[PDB]
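Enquirer: Okay, handing you the structure first.
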Amino acid sequence: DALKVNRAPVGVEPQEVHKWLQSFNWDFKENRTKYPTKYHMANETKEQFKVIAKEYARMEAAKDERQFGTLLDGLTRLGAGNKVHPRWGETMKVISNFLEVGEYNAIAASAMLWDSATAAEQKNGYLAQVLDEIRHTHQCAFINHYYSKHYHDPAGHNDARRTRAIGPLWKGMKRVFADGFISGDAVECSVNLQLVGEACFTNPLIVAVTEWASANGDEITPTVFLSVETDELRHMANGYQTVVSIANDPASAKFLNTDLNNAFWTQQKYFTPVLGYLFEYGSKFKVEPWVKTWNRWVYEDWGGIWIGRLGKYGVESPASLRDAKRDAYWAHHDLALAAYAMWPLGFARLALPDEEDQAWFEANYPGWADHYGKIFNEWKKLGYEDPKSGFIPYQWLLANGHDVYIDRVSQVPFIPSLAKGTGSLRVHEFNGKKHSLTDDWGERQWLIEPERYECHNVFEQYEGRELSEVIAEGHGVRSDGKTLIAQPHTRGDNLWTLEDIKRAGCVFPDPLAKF
Amino acid sequence: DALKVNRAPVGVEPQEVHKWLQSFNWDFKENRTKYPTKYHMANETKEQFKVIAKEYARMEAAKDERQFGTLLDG
Amino acid sequence: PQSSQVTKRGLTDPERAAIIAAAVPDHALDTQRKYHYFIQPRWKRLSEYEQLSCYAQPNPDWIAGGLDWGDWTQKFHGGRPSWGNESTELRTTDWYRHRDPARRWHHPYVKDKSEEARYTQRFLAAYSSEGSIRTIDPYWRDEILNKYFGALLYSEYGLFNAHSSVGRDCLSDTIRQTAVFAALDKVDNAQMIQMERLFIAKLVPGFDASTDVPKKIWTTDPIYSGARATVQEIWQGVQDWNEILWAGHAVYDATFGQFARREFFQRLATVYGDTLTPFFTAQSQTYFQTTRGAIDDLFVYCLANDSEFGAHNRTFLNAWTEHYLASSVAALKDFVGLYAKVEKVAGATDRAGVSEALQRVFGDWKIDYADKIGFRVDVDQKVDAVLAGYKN
Amino acid sequence: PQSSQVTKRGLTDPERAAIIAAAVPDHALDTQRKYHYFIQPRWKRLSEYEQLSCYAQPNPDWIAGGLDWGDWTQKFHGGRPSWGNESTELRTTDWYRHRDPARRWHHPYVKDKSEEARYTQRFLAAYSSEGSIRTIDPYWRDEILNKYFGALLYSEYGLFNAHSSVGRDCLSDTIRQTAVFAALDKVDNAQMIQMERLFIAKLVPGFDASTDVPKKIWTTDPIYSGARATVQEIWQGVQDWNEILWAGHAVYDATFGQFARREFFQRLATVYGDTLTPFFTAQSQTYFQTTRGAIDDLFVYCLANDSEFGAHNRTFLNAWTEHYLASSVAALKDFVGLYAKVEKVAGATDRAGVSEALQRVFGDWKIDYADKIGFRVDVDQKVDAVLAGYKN
Amino acid sequence: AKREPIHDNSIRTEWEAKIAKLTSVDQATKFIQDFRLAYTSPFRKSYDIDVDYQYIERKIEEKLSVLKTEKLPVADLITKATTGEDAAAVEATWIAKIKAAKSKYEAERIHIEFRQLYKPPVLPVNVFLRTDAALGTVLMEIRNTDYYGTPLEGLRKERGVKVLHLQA
Amino acid sequence: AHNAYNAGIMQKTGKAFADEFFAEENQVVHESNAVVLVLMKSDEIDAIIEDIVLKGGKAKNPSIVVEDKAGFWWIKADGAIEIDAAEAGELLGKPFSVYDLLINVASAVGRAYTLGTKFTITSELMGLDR
Amino acid sequence: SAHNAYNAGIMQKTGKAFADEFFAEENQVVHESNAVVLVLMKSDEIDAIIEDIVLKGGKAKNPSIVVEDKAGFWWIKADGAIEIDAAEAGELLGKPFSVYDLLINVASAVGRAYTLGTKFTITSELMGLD
Ligand SMILES: [Fe+3]
Ligand SMILES: [Fe+3]
């Protein structure tokens, strides 16, 4: 009544509103996903974390305050921004901005999981994931923004959202954790984004990399990236719930193994060579061989704890695994050939392996010295680092019959005459267009689904054009308008200019003209 | 009236409140210090930073979050 | 000990720090330290909001404003692009132009909402200790607030889910952020209404915070019939993401939503002695104005006045407004039937009171949205059309 | 260059870091890593609040609970100690026992208030944009709220300044913190009232936010005559710091203050259509309950039940309560004359409504304070003493 | 061959001049359909403007869409394709088409051609996206039936590629 | 020892590693009963490592291995890893809900969930097992 | 200007030379100085303020300004006054930045310090006496 009431102090915990979320949906005929999917089984699942909006915000904001305290206050007062080894500070231009687009695409894929979820609790989870993926886009951007302010080379930290478009390594990044998520079956994102992408590849990509950063003097990236991954544990919990629903109903389970192998191959095709190259060639101090990192995170832990355990329930070890293990051992060395050979098209300054590096490469990958090692040492002899040399190794590859091809499906470069990783060139003509495919898994994808895979490659866009003109047109220059962002060494002197590139007379060919 | 109002977005900054603080005191016989002092001169001065309680909390909390982030995290 | 190497930090280990210092040049290699300096600033100086958000979306030159080139690497079966112009009827010279006037990237967004989250719980702990619920009109509390405010959570929840395809489909970064923050704010509204109900249940024996009655009212009570039909259409009947955002926030929620939240539940709380509901509506109405600021920029500043497609966009926005304003007028006509259930308060719940509330909502909307896209509207005609649903 | 050395950091400079590593032992020199491990924990385990606050005050063994020894190094002219037992009539076995149940050291205190600070400005920016002031009863807004709510800021301000001698004189660290946090919360209340008035001034032409009318009413209007007499006495008439805190928060503010803030301005706002004032009273009432938690611990758990001085302390607390409760019922008797100026609302402003409001205030207070110190009080008698000032 | 600059070149300029001369909805509609049949998708007639066709398509869409708002009644923008057909009828026709397809090769060409003919602004956006998702559902399901069932050499025969090179 | 980061093949280098890496048996995944949990280093986490996982945690699960990976702790264990935020809040002397424990919990190879104030990462496949 | 150097004047001398001036008869009473000294706590925002405000426009208007690197903070000494506009700083930082936010990292201030709108200044003037 007007006088008597319980005056005990009470609030309402997030758990207490959360148990009512399932009742927030209501039935009407049009209440179903807008996106095409193969998966129509029952998916009325409970989310494993009792997150509501206010608590979502409290949780994430508490993370940010600590992170930005460490960046803007502590590490700035220590001058840590310039305590990074140049190889690694250059590597974070690529890793943070490339990951940034993976995060940005993950917002869109998580919105597809939100849209295709049928249970209100799973819509709740995917909303938080969508927000997290926005958080991670701004975190990756903050890393380069911070480096832009405090690191000795802001060029390329400070404009990658336009300068990435110059080079060929960025094409395949728009697939690996990007188009490959959002351009396809929406509930299949529980498999490609989550069960493969988040459960498998974020761990080396986002966590393991912080040990390499630290080894090389970067305490910025551990501060941000580790925080990023704290959100990932909620993400995969969402996806697992759906994977269970798929596994349990026989009509959906008959798609899961093919979607899993396709997603595994699609992500590892780019991730394996590119991240291994950035780790091992974009560092001075190495933590461990890339192939062991891959063995530990990808093959043994993700492979056994997720896939092998799901084997009890009909999920198969990816048929492409054997081809992938060959990639883990050699493909990043293959890619280094292309990366160093085509250095003017990037936005980072590279460093040929020094004598210490080369011994490490040969100790850990015997045969490196007699193959990759001798090539890099000849390039150095020819003036690879010297802007007056007139030497760019891409022209040298062609003059020795080492053509570079772009995979029509994955966009990953391939040098068949020098590769030790998985691959063989297939060149098909279809309706007057020539196409180069590079492995059994992607070739099947293109043969079955040609209208999904019409990505123009750098040779088709740049055909007949001289290198310095492509670079200038794409704004691949420092603020003086002439000195390249990209460099074949990491020293402060003898930086290459557009005129230095021009003297080499490199003009883009049609690699399939010979077929 | 009940239909027409200025709907421009406005708040109240700390100095807008601060300008009225001087008026918060009022005169009564016992309105003087409790402690022994030699200094009895007039001292009706203005403070040089226009701080109110909400703004005080906001600035100091801001400092704290950065400090404790550096300590507990980095 | 441990199996793996204890990696030495380059920042602090003497040998690695000395090696690093010898490798780092004594001079900067460029002077341009402004992250994405080439962004065209909306305001007098480039903001951190813009630096962190603008051009994160990797659009090619064939999606207006894109700096990239070439086709996507992988498309849908059939050929649907990862993002494409087919996603909406509206056109522009640059999909990146949009700027939230609150300049919310993720961090300031959760920072502000964290404040509300923690302070809400402190207010509830103290409100329960205060015993201030003792003076609320019990009929309002039990028959109107619990039942019909609870039912309103489903309108907020539907508008929240309307954003799922917008978050996938929309064509730039700042738009995607504006959309998703709006969606969280909508589902927050729904969770906050349910929080208030759960909170009252702890103070009032016999008060049932279950959503069974609110859900029955949302799904079958004629008072919400028009509202639910409109929400279902905006959420699940369309996929043009601009139409969803415009119909959702700029027509339906700015007319029906504002009436229900502000003219009915918030306003009438302060004539029925409800010292609790104003604390919750303060949040939903703050979120409404923050969302309105960003929705207004996208459709008024950017699309309705785009130098090449402004009039073209106003043609569509005029057509959507015509359709969804009719829908919202129908939702309000149904909704004012609720006044036949409330205790009469002169100037609030009689015909003059409801007439003035509709004049504020429709008058405000004419100023805030209709006048800015060239949509003509007779305010009195719309007020009178709703008052036909009012039982004297 | 620069004139002075650019000092090399021992954390990062290779040569100095190697020297430091060689000097640092390979093993910890003790295992006790709990800061001030010897504090007796109030709760199941020592809190950071206790570790940071407890025994900061360097009391000697002749101020009960002190761990130091000897006389102060410098005393007042005459011999008054830096801190001393002469500062209060109350006695205890240990001045350090007090624990704020909110466990506020400085950081959580400004953290919470910062949240409220930033969210208030967002709410006002949205409330002004919302136009919700349009439905407030103008008589309430102009003749009652502006004038007498404004005038109440001087009660809050007087209670704030009552703490000045408390912050100097009180005898332990945790007591000093609750005292000072309580003082800031009171001047915040006073500034927030003035903030609300300044805000309405921006929305309502002709509305005067000057404190001239509020000050004239506080200082001369018979409605606040009893109240002003009491805060002047509590603020400037006494120096026993326990008497100030007890009379200030546990008697005067818990009766007059709670009635004016919660039963009059907050409650009536929600019968006169005031959608603005509840947002501000929500803060003052939250602060009241937080302050009450710490005041209750000091006077009930620590002093009224001190194992050796409990009854001795109740003798004084009973004498103070008798006096300042008389002061407060007189303040309330004056204050209920304000009801003669408000628009009549059955159950709120009639004799029955004010009687139930006084039954809540005096009834709640009997439970919250009187019953815990053994102070006898007839609630009906006090209600009737105040209702003698109510004009039918 | 030698490509011109990426974002500003004679091909794009020449097509903008062609586009500028469209003056009715029917004319721009035949223009965009013919363009999309000739130059987009793997079954296009010509790759001669391959690195420019996507931008050029956007510019035709822009011309057709403004011609729509200038010239058509509002009801037509919502319910009709610029061919004049009823939009709902177009949806029903092509969903039935793809559901009657006997093989993934039949179904893929039905989907691809639907987009060539009715991609907005030809068909209203809401109807197009719903129709396009319905078709993609069917094409996905049939394609993901026994995905690894046909060896690569058979897949290449079925696709009808001319195999120019297979590395040993 | 089997839960060490450099367990098994990870001990080998050069040719010996390559031989086992490319051995036929190792071209398919092998089911593992382990979980892997990564803890972001911080004041609160380091306390949780020393006084919870390496004491009560390892006492209940002797198979847990904690390795120092510079910026984070890498923890592998048979079956499950559990951390109670209520117990952690008692060590830290400050408010500490399960959501606050998650501030610094990153990678989780295994099924992660919360139950009240406890966080668990488990080898169990809930909804498939049991 | 060398006279505002931290190691100016007597501070250049060592050993007996320093002792001789330090204990000189004339240096046993204070000497009026027209200088101010301001300490800025190092941070992202302050470091931007130092390089682009006090060392650019600041020293343009006041050439006597000396800025010294003291590891964790900047030491600033100038004749007459030092001035920092929070609005100019917020334009430089592209984020909300009032005079109270500027004061987050403004520490020691030897002189008469005050704020006037968005501007912080420390002056040698004796406000209320001069
Ligand atoms: Fe992410
Ligand atoms: Fe994720």
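Simple scheme: letters A, B, ... for chains in structure tokens order, numbers from 1 for residues in each chain, numbers from 1 for ligands in the order shown.
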As a ChimeraX atom specification, please: every protein or nucleic acid residue near ligand 2 (cut-off 7 Å, counting only C-alpha atoms and all ligand atoms).
Expert: /A:106,129,133,198,231-232,235
Enquirer: Put those residues in a file: N, CA, C and O atoms, as a compact mmCIF listing (two decimals), in the first residue's frame.
Expert:
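Resulting contents of selection.txt:
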# COMPACT_ATOMS: atom_id res chain seq x y z
N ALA A 106 33.78 -9.08 -41.19
CA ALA A 106 33.16 -9.92 -40.19
C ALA A 106 31.92 -9.24 -39.60
O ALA A 106 30.99 -9.92 -39.18
N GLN A 129 28.35 -9.73 -31.42
CA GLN A 129 29.44 -10.02 -32.34
C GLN A 129 29.58 -8.92 -33.39
O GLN A 129 30.70 -8.46 -33.66
N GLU A 133 32.86 -6.76 -33.95
CA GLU A 133 33.61 -6.65 -35.19
C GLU A 133 33.82 -5.20 -35.60
O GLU A 133 34.84 -4.87 -36.21
N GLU A 198 37.23 -18.03 -37.00
CA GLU A 198 37.43 -17.60 -35.62
C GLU A 198 38.07 -18.71 -34.80
O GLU A 198 39.05 -18.46 -34.08
N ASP A 231 37.23 -10.90 -27.33
CA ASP A 231 35.87 -10.93 -27.86
C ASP A 231 35.59 -12.21 -28.63
O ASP A 231 34.42 -12.58 -28.77
N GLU A 232 36.63 -12.89 -29.11
CA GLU A 232 36.47 -14.01 -30.04
C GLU A 232 35.84 -15.21 -29.37
O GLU A 232 35.17 -16.02 -30.03
N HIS A 235 32.29 -15.15 -29.77
CA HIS A 235 31.91 -15.34 -31.16
C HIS A 235 31.78 -16.82 -31.51
O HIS A 235 30.74 -17.26 -32.02
Enquirer: Please list as a PDB file with N, CA and C atoms, in the first residue's frame every residue within 8 Å of stretch 38-55 of chain B, counting only C-alpha atoms and excluding residues in the same chain fewer than 2 positions away.
Expert:
ATOM      1  N   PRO B  14      29.714  23.727 -17.054  1.00  0.00           N
ATOM      2  CA  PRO B  14      30.038  23.964 -15.632  1.00  0.00           C
ATOM      3  C   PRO B  14      30.151  25.437 -15.271  1.00  0.00           C
ATOM      4  N   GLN B  15      30.736  26.259 -16.143  1.00  0.00           N
ATOM      5  CA  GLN B  15      30.842  27.676 -15.827  1.00  0.00           C
ATOM      6  C   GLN B  15      29.483  28.350 -15.759  1.00  0.00           C
ATOM      7  N   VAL B  17      26.846  27.074 -14.281  1.00  0.00           N
ATOM      8  CA  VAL B  17      26.482  26.838 -12.887  1.00  0.00           C
ATOM      9  C   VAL B  17      27.414  27.606 -11.972  1.00  0.00           C
ATOM     10  N   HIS B  18      28.707  27.613 -12.307  1.00  0.00           N
ATOM     11  CA  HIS B  18      29.720  28.190 -11.432  1.00  0.00           C
ATOM     12  C   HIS B  18      29.453  29.661 -11.144  1.00  0.00           C
ATOM     13  N   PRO B  36      40.900  29.000  15.179  1.00  0.00           N
ATOM     14  CA  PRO B  36      41.637  30.210  15.553  1.00  0.00           C
ATOM     15  C   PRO B  36      42.520  30.675  14.407  1.00  0.00           C
ATOM     16  N   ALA B  57      34.473  15.417 -10.843  1.00  0.00           N
ATOM     17  CA  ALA B  57      34.514  13.974 -11.015  1.00  0.00           C
ATOM     18  C   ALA B  57      34.949  13.593 -12.420  1.00  0.00           C
ATOM     19  N   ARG B  58      34.429  14.286 -13.440  1.00  0.00           N
ATOM     20  CA  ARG B  58      34.742  13.853 -14.791  1.00  0.00           C
ATOM     21  C   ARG B  58      36.237  13.989 -15.061  1.00  0.00           C
ATOM     22  N   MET B  59      36.850  15.121 -14.668  1.00  0.00           N
ATOM     23  CA  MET B  59      38.261  15.297 -15.005  1.00  0.00           C
ATOM     24  C   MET B  59      39.116  14.295 -14.265  1.00  0.00           C
TER      25      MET B  59
ATOM     26  N   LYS D 113      30.530   9.269 -10.241  1.00  0.00           N
ATOM     27  CA  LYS D 113      30.006  10.614 -10.464  1.00  0.00           C
ATOM     28  C   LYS D 113      30.347  11.125 -11.861  1.00  0.00           C
ATOM     29  N   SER D 114      31.476  10.694 -12.431  1.00  0.00           N
ATOM     30  CA  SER D 114      31.767  11.058 -13.813  1.00  0.00           C
ATOM     31  C   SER D 114      30.714  10.513 -14.760  1.00  0.00           C
ATOM     32  N   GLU D 116      27.552   9.922 -14.111  1.00  0.00           N
ATOM     33  CA  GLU D 116      26.397  10.797 -13.950  1.00  0.00           C
ATOM     34  C   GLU D 116      26.632  12.152 -14.611  1.00  0.00           C
ATOM     35  N   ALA D 117      27.865  12.658 -14.560  1.00  0.00           N
ATOM     36  CA  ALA D 117      28.127  13.984 -15.112  1.00  0.00           C
ATOM     37  C   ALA D 117      27.933  13.986 -16.624  1.00  0.00           C
ATOM     38  N   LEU D 184      30.691  16.507  -0.836  1.00  0.00           N
ATOM     39  CA  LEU D 184      30.614  16.769  -2.273  1.00  0.00           C
ATOM     40  C   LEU D 184      29.230  16.435  -2.810  1.00  0.00           C
ATOM     41  N   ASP D 185      28.623  15.352  -2.313  1.00  0.00           N
ATOM     42  CA  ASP D 185      27.299  14.987  -2.806  1.00  0.00           C
ATOM     43  C   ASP D 185      26.256  16.049  -2.476  1.00  0.00           C
ATOM     44  N   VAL D 187      26.894  19.457  -2.101  1.00  0.00           N
ATOM     45  CA  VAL D 187      27.053  20.654  -2.924  1.00  0.00           C
ATOM     46  C   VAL D 187      26.714  20.331  -4.379  1.00  0.00           C
ATOM     47  N   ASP D 188      26.920  19.080  -4.788  1.00  0.00           N
ATOM     48  CA  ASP D 188      26.414  18.612  -6.072  1.00  0.00           C
ATOM     49  C   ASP D 188      24.901  18.787  -6.149  1.00  0.00           C
ATOM     50  N   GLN D 191      24.198  22.367  -6.730  1.00  0.00           N
ATOM     51  CA  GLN D 191      24.540  22.778  -8.086  1.00  0.00           C
ATOM     52  C   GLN D 191      23.603  22.161  -9.120  1.00  0.00           C
TER      53      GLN D 191
ATOM     54  N   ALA G 113      48.661  30.817 -12.434  1.00  0.00           N
ATOM     55  CA  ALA G 113      47.951  30.009 -13.412  1.00  0.00           C
ATOM     56  C   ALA G 113      46.447  30.233 -13.320  1.00  0.00           C
ATOM     57  N   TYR G 114      45.793  30.274 -14.479  1.00  0.00           N
ATOM     58  CA  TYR G 114      44.350  30.463 -14.526  1.00  0.00           C
ATOM     59  C   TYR G 114      43.846  30.042 -15.897  1.00  0.00           C
ATOM     60  N   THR G 115      42.535  29.855 -15.981  1.00  0.00           N
ATOM     61  CA  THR G 115      41.867  29.555 -17.235  1.00  0.00           C
ATOM     62  C   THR G 115      40.906  30.686 -17.579  1.00  0.00           C
TER      63      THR G 115
END
Enquirer: Please find the residues contacting ligand 1 at a distance of at most 10 Å between atoms, with only C-alpha atoms and all ligand atoms counted, and report them as a PyMOL selection string.
Expert: chain A and resi 99-107+110+129-137+139-140+193+197-198+202+206+225+228-232+235
Enquirer: Enumerate as number ranges by chain the residues belonging to chain A that approach chain G to within 8 Å, with only C-alpha atoms taken into account.
Expert: A: 72-74, 76-78
Enquirer: What does the file look like for those residues with N, CA, C and O atoms, as a CSV table (one decimal), in the first residue's frame?
Expert:
chain,number,residue,atom,x,y,z
A,72,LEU,N,47.9,5.6,-24.8
A,72,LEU,CA,48.0,7.1,-24.8
A,72,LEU,C,48.8,7.6,-23.7
A,72,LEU,O,49.4,8.7,-23.8
A,73,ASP,N,48.9,6.9,-22.5
A,73,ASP,CA,49.6,7.4,-21.4
A,73,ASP,C,51.0,6.7,-21.3
A,73,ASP,O,52.0,7.2,-21.8
A,74,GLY,N,51.0,5.5,-20.7
A,74,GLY,CA,52.2,4.7,-20.5
A,74,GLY,C,53.2,4.5,-21.7
A,74,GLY,O,54.3,5.0,-21.6
A,76,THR,N,53.2,5.8,-24.5
A,76,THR,CA,53.7,7.0,-25.2
A,76,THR,C,54.8,7.7,-24.4
A,76,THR,O,55.8,8.2,-24.9
A,77,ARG,N,54.6,7.7,-23.0
A,77,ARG,CA,55.6,8.4,-22.2
A,77,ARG,C,56.9,7.6,-22.3
A,77,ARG,O,58.0,8.2,-22.2
A,78,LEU,N,56.9,6.3,-22.6
A,78,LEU,CA,58.1,5.5,-22.8
A,78,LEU,C,58.6,5.7,-24.3
A,78,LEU,O,59.7,5.1,-24.6
Enquirer: A:365, A:281, A:414, A:306: which is nearest residue F:125, counting only C-alpha atoms?
Expert: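 Among A:365, A:281, A:414, A:306, it is A:306 that comes nearest to residue F:125.
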Enquirer: Against chain G, which residues of chain D fall within 7 Å? For each one I want the closest pair of atoms and the distance in Å (one decimal), counting only C-alpha atoms, rows by chain and increasing residue number, as a tab-separated table.
Expert:
residue	atom	partner	partner_atom	distance
D:2	CA	G:68	CA	6.1
D:3	CA	G:7	CA	5.4
D:4	CA	G:7	CA	5.6
D:6	CA	G:69	CA	6.3
D:7	CA	G:71	CA	6.2
Enquirer: How about saving the chosen residues, N, CA, C and O atoms kept, as an mmCIF file, in the first residue's frame?
Expert:
data_model
loop_
_atom_site.group_PDB
_atom_site.id
_atom_site.type_symbol
_atom_site.label_atom_id
_atom_site.label_comp_id
_atom_site.auth_asym_id
_atom_site.auth_seq_id
_atom_site.Cartn_x
_atom_site.Cartn_y
_atom_site.Cartn_z
ATOM 1 N N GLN D 2 69.475 20.429 -25.730
ATOM 2 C CA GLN D 2 68.952 21.053 -24.522
ATOM 3 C C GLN D 2 70.063 21.120 -23.484
ATOM 4 O O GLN D 2 71.028 20.349 -23.528
ATOM 5 N N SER D 3 69.909 22.055 -22.538
ATOM 6 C CA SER D 3 70.971 22.323 -21.567
ATOM 7 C C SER D 3 71.210 21.132 -20.648
ATOM 8 O O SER D 3 72.360 20.836 -20.300
ATOM 9 N N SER D 4 70.148 20.446 -20.238
ATOM 10 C CA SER D 4 70.257 19.380 -19.253
ATOM 11 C C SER D 4 70.335 18.018 -19.936
ATOM 12 O O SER D 4 70.016 17.863 -21.119
ATOM 13 N N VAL D 6 69.556 14.409 -21.235
ATOM 14 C CA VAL D 6 68.387 13.596 -21.560
ATOM 15 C C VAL D 6 68.563 12.256 -20.856
ATOM 16 O O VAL D 6 69.228 11.348 -21.368
ATOM 17 N N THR D 7 67.974 12.142 -19.668
ATOM 18 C CA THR D 7 68.140 10.967 -18.822
ATOM 19 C C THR D 7 67.721 9.686 -19.543
ATOM 20 O O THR D 7 66.650 9.623 -20.153
#
Enquirer: Would you give me, as CSV, each residue of chain C having an atom within 12 Å of an atom of chain E, along with its shortest atom pair and that distance in Å to one decimal, using only C-alpha atoms and sorting by chain and residue number?
Expert:
residue,atom,partner,partner_atom,distance
C:60,CA,E:55,CA,9.0
C:61,CA,E:55,CA,6.8
C:62,CA,E:55,CA,4.3
C:63,CA,E:58,CA,7.5
C:64,CA,E:58,CA,8.5
C:65,CA,E:55,CA,11.6
C:66,CA,E:7,CA,10.7
C:67,CA,E:7,CA,9.3
C:68,CA,E:7,CA,9.6
C:69,CA,E:6,CA,7.6
C:70,CA,E:51,CA,6.8
C:71,CA,E:54,CA,7.7
C:72,CA,E:54,CA,10.8
C:75,CA,E:136,CA,11.3
C:76,CA,E:136,CA,7.6
C:77,CA,E:136,CA,5.7
C:78,CA,E:112,CA,5.2
C:79,CA,E:112,CA,6.7
C:80,CA,E:132,CA,8.1
C:81,CA,E:54,CA,11.0
C:84,CA,E:58,CA,9.6
C:85,CA,E:58,CA,7.5
C:86,CA,E:120,CA,5.5
C:87,CA,E:125,CA,6.7
C:88,CA,E:125,CA,6.1
C:89,CA,E:125,CA,6.2
C:90,CA,E:65,CA,8.9
C:91,CA,E:62,CA,7.3
C:92,CA,E:62,CA,9.1
C:93,CA,E:62,CA,10.1
C:165,CA,E:129,CA,11.4
C:169,CA,E:129,CA,10.9
C:233,CA,E:126,CA,11.9
C:234,CA,E:126,CA,11.7
C:236,CA,E:130,CA,10.8
C:237,CA,E:126,CA,8.4
C:238,CA,E:126,CA,5.6
C:239,CA,E:126,CA,5.6
C:240,CA,E:126,CA,5.9
C:241,CA,E:126,CA,9.6
C:242,CA,E:125,CA,11.0
C:243,CA,E:126,CA,9.6
C:244,CA,E:126,CA,10.8
C:308,CA,E:66,CA,9.4
C:309,CA,E:66,CA,7.6
C:310,CA,E:66,CA,10.1
C:311,CA,E:69,CA,8.5
C:312,CA,E:66,CA,5.9
C:313,CA,E:69,CA,8.5
C:314,CA,E:69,CA,9.3
C:315,CA,E:69,CA,6.3
C:316,CA,E:69,CA,7.9
C:317,CA,E:74,CA,10.9
C:318,CA,E:74,CA,9.4
C:319,CA,E:74,CA,6.8
C:320,CA,E:78,CA,9.7
C:322,CA,E:74,CA,10.5
C:323,CA,E:78,CA,11.0
Enquirer: Compile the contact shell of residue D:34 as a ChimeraX atom specification: residues with an atom at most 10 Å away, counting only C-alpha atoms, same-chain residues fewer than 6 positions apart removed.
Expert: /D:46,48,51 /F:91-92
Enquirer: Write the residues of the selection above to a file with N, CA and C atoms, as a short mmCIF file (atom, residue, chain, number, x, y, z; two decimals), in the first residue's frame.
Expert:
data_model
loop_
_atom_site.label_atom_id
_atom_site.label_comp_id
_atom_site.auth_asym_id
_atom_site.auth_seq_id
_atom_site.Cartn_x
_atom_site.Cartn_y
_atom_site.Cartn_z
N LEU D 46 40.06 -9.22 2.73
CA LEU D 46 40.46 -7.81 2.67
C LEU D 46 40.14 -7.22 1.31
N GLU D 48 40.33 -3.95 -1.53
CA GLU D 48 41.23 -2.88 -1.96
C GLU D 48 40.87 -1.56 -1.31
N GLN D 51 42.57 -1.74 1.96
CA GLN D 51 44.03 -1.67 1.85
C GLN D 51 44.49 -0.25 1.56
N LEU F 91 40.52 -12.81 -4.26
CA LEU F 91 41.95 -12.54 -4.28
C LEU F 91 42.22 -11.06 -4.51
N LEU F 92 41.44 -10.43 -5.38
CA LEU F 92 41.72 -9.08 -5.86
C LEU F 92 41.19 -8.00 -4.94
#
Enquirer: Could you pull out all residues of chain E with a DSSP call of strand (DSSP E) and give them as a list in words?
Expert: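 So, restricting chain E to strand (DSSP E), we get residues 162, 163, 164, 165 and 166 of chain E.
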Enquirer: Can you work out which residues from chain F touch chain D at a cut-off of 12 Å (counting only C-alpha atoms) and hand them back as a ChimeraX atom specification?
Expert: /F:47,51,86-96
Enquirer: Just want the 10 Å neighbourhood of residue C:228, counted on only C-alpha atoms, with same-chain residues fewer than 4 positions away dropped. Output as JSON, numbers by chain.
Expert: {"C": [152, 154, 155, 158, 218, 219, 220, 222, 223, 224, 232, 233, 234, 331]}
Enquirer: Could you write out as an NGL selection string the residues of chain E within 7 Å of chain A, counting only C-alpha atoms?
Expert: :E and (1-3 or 41-43 or 51 or 133-134 or 136-137 or 140-141 or 144 or 152 or 155-156 or 159 or 161-167)
